[PDB]
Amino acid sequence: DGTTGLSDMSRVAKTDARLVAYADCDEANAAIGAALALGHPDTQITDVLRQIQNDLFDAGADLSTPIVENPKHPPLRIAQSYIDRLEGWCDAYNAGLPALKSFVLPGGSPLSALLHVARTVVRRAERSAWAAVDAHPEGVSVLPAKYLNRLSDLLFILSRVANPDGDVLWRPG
């Protein structure tokens, strides 16, 4: 006990950096599910987020599958197209937003507040994904971490779109 398996049945510590990486993707997936279930976004944002939840499972499958020279069967890996899709969504959803000069106090709607929670969890997942690469520079792909990086940018953008209180700004004083 205290051990479990990767996608290739390889035994691993429940403390393992790869497992912590795709476990945090799970936590991020749940956080996005909470934003959907309690924030009730419009149908278009709902479809975007549901697609991200699908992507996050693709990222966890990538992280749970060691990189090998020639595998038994082709592995599921994140690709740059995943990230370019997030970039496209960022541009579209950020186009109507006014310019931001300072930090925003997270909150507002249930949807915007929960998108902020998901943002911070996703960024925690990203930190874990980079720690997985640091531990296995040759065995772990960096695209999962790069996908999580841009996802937090998108979640921040969507949190602003969804906020009816507008941008409540941080006054350093």
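Note that residue numbering begins at 1 and tracks the sequence as displayed.
Trainee: Quick one: higher average CA temperature factor, 36 to 44 or 52 to 60?
Mentor: Comparing 52 to 60 with 36 to 44, the higher mean C-alpha B-factor belongs to 36 to 44.
Trainee: Of 62 to 70 and 134 to 142, which one has the bigger average CA B-factor?
Mentor: Comparing averages over the C-alpha atoms only gives 62 to 70.
Trainee: Compared with the other modelled residues in the chain, in which third is the CA B-factor of residue 152?
Mentor: CA B-factor rank for residue 152: lowest third.
Trainee: Test of reading the entry: by CA B factor among the chain's modelled residues, which third contains residue 10?
Mentor: CA B-factor rank for residue 10: highest third.
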